[PDB]
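A.B. asks: So that you have it, the file is input_17.pdb, and it contains PDB, C-alpha atoms and all ligand atoms:
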ATOM      1  CA  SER A   1      72.265  75.807  90.297  1.00  0.00           C
ATOM      2  CA  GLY A   2      68.919  77.659  89.942  1.00  0.00           C
ATOM      3  CA  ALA A   3      65.139  77.367  90.138  1.00  0.00           C
ATOM      4  CA  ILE A   4      61.770  78.689  88.770  1.00  0.00           C
ATOM      5  CA  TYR A   5      59.293  80.229  91.289  1.00  0.00           C
ATOM      6  CA  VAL A   6      55.686  80.415  90.033  1.00  0.00           C
ATOM      7  CA  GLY A   7      52.805  80.806  92.505  1.00  0.00           C
ATOM      8  CA  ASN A   8      53.148  78.357  95.386  1.00  0.00           C
ATOM      9  CA  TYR A   9      55.691  76.192  93.411  1.00  0.00           C
ATOM     10  CA  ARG A  10      59.487  75.821  93.081  1.00  0.00           C
ATOM     11  CA  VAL A  11      60.849  74.000  90.010  1.00  0.00           C
ATOM     12  CA  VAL A  12      64.424  72.639  90.225  1.00  0.00           C
ATOM     13  CA  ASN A  13      66.568  69.955  88.462  1.00  0.00           C
ATOM     14  CA  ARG A  14      65.580  66.681  90.177  1.00  0.00           C
ATOM     15  CA  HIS A  15      69.312  65.809  90.605  1.00  0.00           C
ATOM     16  CA  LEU A  16      69.904  69.005  92.577  1.00  0.00           C
ATOM     17  CA  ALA A  17      66.742  68.876  94.783  1.00  0.00           C
ATOM     18  CA  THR A  18      67.337  69.413  98.532  1.00  0.00           C
ATOM     19  CA  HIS A  19      65.870  67.624 101.673  1.00  0.00           C
ATOM     20  CA  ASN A  20      63.268  70.445 101.966  1.00  0.00           C
ATOM     21  CA  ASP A  21      62.257  69.993  98.277  1.00  0.00           C
ATOM     22  CA  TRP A  22      61.725  66.241  98.889  1.00  0.00           C
ATOM     23  CA  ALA A  23      59.856  66.947 102.242  1.00  0.00           C
ATOM     24  CA  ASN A  24      57.445  69.329 100.421  1.00  0.00           C
ATOM     25  CA  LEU A  25      57.302  67.299  97.149  1.00  0.00           C
ATOM     26  CA  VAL A  26      54.399  68.128  94.698  1.00  0.00           C
ATOM     27  CA  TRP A  27      55.618  66.082  91.639  1.00  0.00           C
ATOM     28  CA  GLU A  28      58.893  64.630  90.274  1.00  0.00           C
ATOM     29  CA  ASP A  29      59.892  62.863  87.083  1.00  0.00           C
ATOM     30  CA  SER A  30      63.337  61.166  86.852  1.00  0.00           C
ATOM     31  CA  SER A  31      62.874  60.836  83.045  1.00  0.00           C
ATOM     32  CA  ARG A  32      62.651  64.653  82.713  1.00  0.00           C
ATOM     33  CA  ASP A  33      65.178  65.551  85.518  1.00  0.00           C
ATOM     34  CA  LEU A  34      62.468  67.760  87.110  1.00  0.00           C
ATOM     35  CA  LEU A  35      61.115  68.089  90.676  1.00  0.00           C
ATOM     36  CA  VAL A  36      58.492  70.592  91.890  1.00  0.00           C
ATOM     37  CA  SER A  37      58.152  71.479  95.611  1.00  0.00           C
ATOM     38  CA  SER A  38      55.678  73.749  97.475  1.00  0.00           C
ATOM     39  CA  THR A  39      56.733  77.126  98.963  1.00  0.00           C
ATOM     40  CA  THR A  40      55.488  79.473 101.786  1.00  0.00           C
ATOM     41  CA  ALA A  41      56.241  82.647  99.745  1.00  0.00           C
ATOM     42  CA  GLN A  42      54.634  83.661  96.412  1.00  0.00           C
ATOM     43  CA  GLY A  43      56.280  83.144  92.999  1.00  0.00           C
ATOM     44  CA  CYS A  44      56.108  85.677  90.193  1.00  0.00           C
ATOM     45  CA  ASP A  45      57.732  83.967  87.179  1.00  0.00           C
ATOM     46  CA  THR A  46      55.627  83.749  84.119  1.00  0.00           C
ATOM     47  CA  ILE A  47      55.714  80.430  82.338  1.00  0.00           C
ATOM     48  CA  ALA A  48      55.658  80.670  78.540  1.00  0.00           C
ATOM     49  CA  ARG A  49      52.754  78.804  76.801  1.00  0.00           C
ATOM     50  CA  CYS A  50      54.159  78.674  73.205  1.00  0.00           C
ATOM     51  CA  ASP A  51      56.200  76.720  70.601  1.00  0.00           C
ATOM     52  CA  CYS A  52      59.163  79.210  70.373  1.00  0.00           C
ATOM     53  CA  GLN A  53      62.434  77.721  69.166  1.00  0.00           C
ATOM     54  CA  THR A  54      64.510  80.902  70.041  1.00  0.00           C
ATOM     55  CA  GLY A  55      65.284  82.440  73.430  1.00  0.00           C
ATOM     56  CA  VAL A  56      68.028  83.502  75.829  1.00  0.00           C
ATOM     57  CA  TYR A  57      69.602  81.388  78.642  1.00  0.00           C
ATOM     58  CA  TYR A  58      71.733  82.294  81.627  1.00  0.00           C
ATOM     59  CA  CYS A  59      75.127  80.607  81.699  1.00  0.00           C
ATOM     60  CA  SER A  60      76.663  80.753  85.208  1.00  0.00           C
ATOM     61  CA  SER A  61      80.056  79.396  84.032  1.00  0.00           C
ATOM     62  CA  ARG A  62      80.388  82.578  81.957  1.00  0.00           C
ATOM     63  CA  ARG A  63      78.328  85.102  84.092  1.00  0.00           C
ATOM     64  CA  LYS A  64      76.541  85.820  80.762  1.00  0.00           C
ATOM     65  CA  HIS A  65      73.219  85.401  78.952  1.00  0.00           C
ATOM     66  CA  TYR A  66      73.354  83.900  75.420  1.00  0.00           C
ATOM     67  CA  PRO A  67      70.752  83.971  72.629  1.00  0.00           C
ATOM     68  CA  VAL A  68      70.050  80.429  71.151  1.00  0.00           C
ATOM     69  CA  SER A  69      67.960  78.512  68.681  1.00  0.00           C
ATOM     70  CA  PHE A  70      66.757  75.266  70.306  1.00  0.00           C
ATOM     71  CA  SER A  71      65.113  72.041  69.200  1.00  0.00           C
ATOM     72  CA  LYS A  72      61.442  71.026  70.084  1.00  0.00           C
ATOM     73  CA  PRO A  73      61.036  68.901  73.298  1.00  0.00           C
ATOM     74  CA  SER A  74      62.025  65.286  72.636  1.00  0.00           C
ATOM     75  CA  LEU A  75      63.593  62.014  73.946  1.00  0.00           C
ATOM     76  CA  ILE A  76      67.360  62.311  73.905  1.00  0.00           C
ATOM     77  CA  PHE A  77      69.984  59.784  75.047  1.00  0.00           C
ATOM     78  CA  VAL A  78      71.978  61.000  78.110  1.00  0.00           C
ATOM     79  CA  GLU A  79      75.211  59.388  79.459  1.00  0.00           C
ATOM     80  CA  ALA A  80      75.445  57.891  82.954  1.00  0.00           C
ATOM     81  CA  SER A  81      76.290  60.183  85.912  1.00  0.00           C
ATOM     82  CA  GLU A  82      76.407  59.960  89.763  1.00  0.00           C
ATOM     83  CA  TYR A  83      72.678  60.841  89.535  1.00  0.00           C
ATOM     84  CA  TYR A  84      71.331  58.529  86.735  1.00  0.00           C
ATOM     85  CA  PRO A  85      72.224  55.419  84.686  1.00  0.00           C
ATOM     86  CA  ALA A  86      72.447  55.864  80.841  1.00  0.00           C
ATOM     87  CA  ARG A  87      68.868  56.609  79.590  1.00  0.00           C
ATOM     88  CA  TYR A  88      66.563  58.666  77.322  1.00  0.00           C
ATOM     89  CA  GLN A  89      65.583  61.961  78.949  1.00  0.00           C
ATOM     90  CA  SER A  90      62.160  63.191  77.723  1.00  0.00           C
ATOM     91  CA  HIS A  91      60.956  66.778  77.082  1.00  0.00           C
ATOM     92  CA  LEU A  92      64.588  67.860  76.408  1.00  0.00           C
ATOM     93  CA  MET A  93      65.563  70.712  73.973  1.00  0.00           C
ATOM     94  CA  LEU A  94      69.120  71.114  72.590  1.00  0.00           C
ATOM     95  CA  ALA A  95      70.968  74.203  71.428  1.00  0.00           C
ATOM     96  CA  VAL A  96      74.511  75.007  70.316  1.00  0.00           C
ATOM     97  CA  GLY A  97      76.021  76.867  73.231  1.00  0.00           C
ATOM     98  CA  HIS A  98      78.442  76.652  76.112  1.00  0.00           C
ATOM     99  CA  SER A  99      77.523  74.830  79.324  1.00  0.00           C
ATOM    100  CA  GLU A 100      79.275  73.067  82.281  1.00  0.00           C
ATOM    101  CA  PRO A 101      77.630  70.805  84.943  1.00  0.00           C
ATOM    102  CA  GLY A 102      77.191  73.660  87.464  1.00  0.00           C
ATOM    103  CA  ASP A 103      75.157  75.532  84.789  1.00  0.00           C
ATOM    104  CA  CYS A 104      72.146  73.263  85.489  1.00  0.00           C
ATOM    105  CA  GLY A 105      69.233  75.348  86.754  1.00  0.00           C
ATOM    106  CA  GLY A 106      69.953  78.367  84.510  1.00  0.00           C
ATOM    107  CA  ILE A 107      66.692  79.684  83.022  1.00  0.00           C
ATOM    108  CA  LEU A 108      65.913  79.725  79.288  1.00  0.00           C
ATOM    109  CA  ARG A 109      63.357  82.500  78.452  1.00  0.00           C
ATOM    110  CA  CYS A 110      61.597  83.583  75.204  1.00  0.00           C
ATOM    111  CA  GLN A 111      59.396  86.774  74.837  1.00  0.00           C
ATOM    112  CA  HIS A 112      56.435  84.857  76.454  1.00  0.00           C
ATOM    113  CA  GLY A 113      58.292  83.976  79.710  1.00  0.00           C
ATOM    114  CA  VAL A 114      60.147  81.022  81.255  1.00  0.00           C
ATOM    115  CA  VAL A 115      60.678  78.123  78.800  1.00  0.00           C
ATOM    116  CA  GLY A 116      62.812  75.697  80.854  1.00  0.00           C
ATOM    117  CA  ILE A 117      66.012  75.143  82.781  1.00  0.00           C
ATOM    118  CA  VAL A 118      69.512  73.906  81.843  1.00  0.00           C
ATOM    119  CA  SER A 119      69.646  70.124  82.537  1.00  0.00           C
ATOM    120  CA  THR A 120      72.395  68.570  80.254  1.00  0.00           C
ATOM    121  CA  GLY A 121      75.298  69.656  77.990  1.00  0.00           C
ATOM    122  CA  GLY A 122      78.792  69.197  76.636  1.00  0.00           C
ATOM    123  CA  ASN A 123      80.568  69.260  73.249  1.00  0.00           C
ATOM    124  CA  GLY A 124      79.287  72.737  72.425  1.00  0.00           C
ATOM    125  CA  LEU A 125      75.670  71.712  73.157  1.00  0.00           C
ATOM    126  CA  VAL A 126      73.322  72.738  75.985  1.00  0.00           C
ATOM    127  CA  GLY A 127      70.115  70.862  76.851  1.00  0.00           C
ATOM    128  CA  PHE A 128      67.097  72.419  78.580  1.00  0.00           C
ATOM    129  CA  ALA A 129      64.293  70.576  80.413  1.00  0.00           C
ATOM    130  CA  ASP A 130      61.041  72.051  79.029  1.00  0.00           C
ATOM    131  CA  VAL A 131      58.360  73.257  81.471  1.00  0.00           C
ATOM    132  CA  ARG A 132      55.832  74.808  78.994  1.00  0.00           C
ATOM    133  CA  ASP A 133      53.574  71.732  78.937  1.00  0.00           C
ATOM    134  CA  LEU A 134      53.089  71.811  82.802  1.00  0.00           C
ATOM    135  CA  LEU A 135      49.851  73.731  82.671  1.00  0.00           C
ATOM    136  CA  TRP A 136      49.089  73.097  86.395  1.00  0.00           C
ATOM    137  CA  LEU A 137      52.018  75.385  87.380  1.00  0.00           C
ATOM    138  CA  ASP A 138      49.699  78.477  87.012  1.00  0.00           C
ATOM    139  CA  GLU A 139      46.528  77.061  88.617  1.00  0.00           C
TER
HETATM  140  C1  LIG B   1      74.846  71.579  81.912  1.00  0.00           C
HETATM  141  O1  LIG B   1      75.982  71.418  81.053  1.00  0.00           O
HETATM  142  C2  LIG B   1      76.739  70.283  81.173  1.00  0.00           C
HETATM  143  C3  LIG B   1      77.987  70.256  80.569  1.00  0.00           C
HETATM  144  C4  LIG B   1      78.804  69.151  80.744  1.00  0.00           C
HETATM  145  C5  LIG B   1      78.369  68.070  81.495  1.00  0.00           C
HETATM  146  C6  LIG B   1      77.097  68.084  82.062  1.00  0.00           C
HETATM  147  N1  LIG B   1      76.496  67.036  82.806  1.00  0.00           N
HETATM  148  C7  LIG B   1      75.285  66.507  82.467  1.00  0.00           C
HETATM  149  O2  LIG B   1      74.776  66.723  81.372  1.00  0.00           O
HETATM  150  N2  LIG B   1      74.757  65.587  83.336  1.00  0.00           N
HETATM  151  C8  LIG B   1      75.183  65.314  84.718  1.00  0.00           C
HETATM  152  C9  LIG B   1      74.115  65.732  85.718  1.00  0.00           C
HETATM  153  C10 LIG B   1      72.743  65.154  85.349  1.00  0.00           C
HETATM  154  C11 LIG B   1      72.372  65.440  83.885  1.00  0.00           C
HETATM  155  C12 LIG B   1      71.085  64.740  83.486  1.00  0.00           C
HETATM  156  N3  LIG B   1      70.075  65.533  83.162  1.00  0.00           N
HETATM  157  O3  LIG B   1      71.008  63.502  83.468  1.00  0.00           O
HETATM  158  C13 LIG B   1      73.489  64.951  82.965  1.00  0.00           C
HETATM  159  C14 LIG B   1      76.282  69.198  81.906  1.00  0.00           C
HETATM  160 ZN    ZN B   2      57.648  81.665  73.390  1.00  0.00          ZN
END
Let me see the file written as structure tokens.
Ligand SMILES: COc1cccc(NC(=O)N2CCC[C@H](C(N)=O)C2)c1
Ligand SMILES: [Zn+2]
C.D. replies:
Amino acid sequence: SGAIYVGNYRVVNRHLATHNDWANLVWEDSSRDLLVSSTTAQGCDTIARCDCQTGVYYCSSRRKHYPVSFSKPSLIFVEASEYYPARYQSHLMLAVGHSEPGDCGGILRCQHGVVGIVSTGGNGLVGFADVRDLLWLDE
């Protein structure tokens, strides 16, 4: 679990969104596993606007943060789950690191701010949904 709070927005994995997220929907994209909902309180996360390929992510299944090198956002095949059929997930970045399903929502950050959130993994890999291209999050 986990979310990004920036201004009047809340960014979560689309597969973990709640009834309130869907009732205050701003935008959602099944192909990216992202959903943004509006909030009544103000968000203070800084979104990174960069092309960093190194950062640190929070891994809840270890209660630890890990440094990682990650790939640039791209279309990556993802196996079927109770949430989606087998498909290509866009804007996804992979890194070699530990992750378990409950780790989804953990933030990945570089020196410029929030890069994305954990969205896929397994086999010693961790995938992050990028949010750096969503320029409307700050305006
Ligand atoms: C987050 O780390 C892991 C490790 C092992 C397994 C997993 N499960 C997943 O990757 N998925 C299941 C939930 C939906 C995800 C999606 N974006 O389509 C796919 C995650
Ligand atoms: Zn950066």
A.B. asks: For the atom pair CA of residue 124 (chain A) and CA of residue 18 (chain A), what is the interatomic distance in Å to one decimal place?
C.D. replies: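 Rounded to one decimal, the two atoms are 28.9 Å apart.
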A.B. asks: Which residues of chain A come within 8 Å of ligand ZN 2 (chain B), and what is each one's closest atom pair and distance in Å (one decimal), counting all atoms listed in the file, sorted by chain and residue number, as JSON lines?
C.D. replies:
{"residue": "A:48", "atom": "CA", "partner": "B:ZN2", "partner_atom": "ZN", "distance": 5.6}
{"residue": "A:49", "atom": "CA", "partner": "B:ZN2", "partner_atom": "ZN", "distance": 6.6}
{"residue": "A:50", "atom": "CA", "partner": "B:ZN2", "partner_atom": "ZN", "distance": 4.6}
{"residue": "A:51", "atom": "CA", "partner": "B:ZN2", "partner_atom": "ZN", "distance": 5.9}
{"residue": "A:52", "atom": "CA", "partner": "B:ZN2", "partner_atom": "ZN", "distance": 4.2}
{"residue": "A:53", "atom": "CA", "partner": "B:ZN2", "partner_atom": "ZN", "distance": 7.5}
{"residue": "A:54", "atom": "CA", "partner": "B:ZN2", "partner_atom": "ZN", "distance": 7.7}
{"residue": "A:55", "atom": "CA", "partner": "B:ZN2", "partner_atom": "ZN", "distance": 7.7}
{"residue": "A:109", "atom": "CA", "partner": "B:ZN2", "partner_atom": "ZN", "distance": 7.7}
{"residue": "A:110", "atom": "CA", "partner": "B:ZN2", "partner_atom": "ZN", "distance": 4.8}
{"residue": "A:111", "atom": "CA", "partner": "B:ZN2", "partner_atom": "ZN", "distance": 5.6}
{"residue": "A:112", "atom": "CA", "partner": "B:ZN2", "partner_atom": "ZN", "distance": 4.6}
{"residue": "A:113", "atom": "CA", "partner": "B:ZN2", "partner_atom": "ZN", "distance": 6.8}
{"residue": "A:115", "atom": "CA", "partner": "B:ZN2", "partner_atom": "ZN", "distance": 7.1}
A.B. asks: Mind listing the residues within 7 Å of ligand LIG 1 (chain B), all atoms listed in the file counted, as number ranges by chain?
C.D. replies: A: 15, 33, 78-79, 81, 83-84, 99-104, 118-122, 126-127
A.B. asks: With distances taken over all atoms listed in the file, which of A:8, A:61, A:69, A:74 is nearest to residue 45 (chain A)?
C.D. replies: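 Using all atoms listed in the file, the shortest distance to residue 45 (chain A) belongs to A:8.
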A.B. asks: Applying the PyMOL selection byres (((chain A and resi 27) around 12) and not hetatm) to the file I just gave you, which residues come out? Please list them as a PDB file with C-alpha atoms, in the frame of the given file.
C.D. replies:
ATOM      1  CA  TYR A   9      55.691  76.192  93.411  1.00  0.00           C
ATOM      2  CA  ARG A  10      59.487  75.821  93.081  1.00  0.00           C
ATOM      3  CA  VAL A  11      60.849  74.000  90.010  1.00  0.00           C
ATOM      4  CA  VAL A  12      64.424  72.639  90.225  1.00  0.00           C
ATOM      5  CA  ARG A  14      65.580  66.681  90.177  1.00  0.00           C
ATOM      6  CA  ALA A  17      66.742  68.876  94.783  1.00  0.00           C
ATOM      7  CA  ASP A  21      62.257  69.993  98.277  1.00  0.00           C
ATOM      8  CA  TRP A  22      61.725  66.241  98.889  1.00  0.00           C
ATOM      9  CA  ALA A  23      59.856  66.947 102.242  1.00  0.00           C
ATOM     10  CA  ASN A  24      57.445  69.329 100.421  1.00  0.00           C
ATOM     11  CA  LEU A  25      57.302  67.299  97.149  1.00  0.00           C
ATOM     12  CA  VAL A  26      54.399  68.128  94.698  1.00  0.00           C
ATOM     13  CA  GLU A  28      58.893  64.630  90.274  1.00  0.00           C
ATOM     14  CA  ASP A  29      59.892  62.863  87.083  1.00  0.00           C
ATOM     15  CA  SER A  30      63.337  61.166  86.852  1.00  0.00           C
ATOM     16  CA  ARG A  32      62.651  64.653  82.713  1.00  0.00           C
ATOM     17  CA  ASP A  33      65.178  65.551  85.518  1.00  0.00           C
ATOM     18  CA  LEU A  34      62.468  67.760  87.110  1.00  0.00           C
ATOM     19  CA  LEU A  35      61.115  68.089  90.676  1.00  0.00           C
ATOM     20  CA  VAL A  36      58.492  70.592  91.890  1.00  0.00           C
ATOM     21  CA  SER A  37      58.152  71.479  95.611  1.00  0.00           C
ATOM     22  CA  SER A  38      55.678  73.749  97.475  1.00  0.00           C
ATOM     23  CA  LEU A 134      53.089  71.811  82.802  1.00  0.00           C
ATOM     24  CA  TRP A 136      49.089  73.097  86.395  1.00  0.00           C
ATOM     25  CA  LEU A 137      52.018  75.385  87.380  1.00  0.00           C
TER      26      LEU A 137
END
A.B. asks: Apply the PyMOL selection byres (((chain A and resi 68) around 8) and not hetatm) to the file shown and report the selected residues as a count of residues only.
C.D. replies: 11
A.B. asks: If we count all atoms listed in the file and set the cut-off at 7 Å, which residues sit around residue 59 (chain A), ignoring sequence neighbours fewer than 3 positions away in its own chain? Please answer as a ChimeraX atom specification.
C.D. replies: /A:62-65,99,103,106
A.B. asks: Report, in Å with one decimal, the straight-line distance from CA of residue 133 (chain A) to CA of residue 114 (chain A).
C.D. replies: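 Here the two named atoms are 11.6 Å from each other.
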A.B. asks: Using Å and a single decimal, report how far CA of residue 20 (chain A) sits from CA of residue 130 (chain A).
C.D. replies: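 About the pair CA of residue 130 (chain A) and CA of residue 20 (chain A): they are 23.1 Å apart.
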A.B. asks: Which is closest to residue 92 (chain A) among A:116, A:7, A:73, A:43, if we use all atoms listed in the file?
C.D. replies: A:73
A.B. asks: Closest to residue 117 (chain A) among A:72, A:132, A:87, A:19, using all atoms listed in the file?
C.D. replies: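 Under the stated criterion, the closest residue is A:132.
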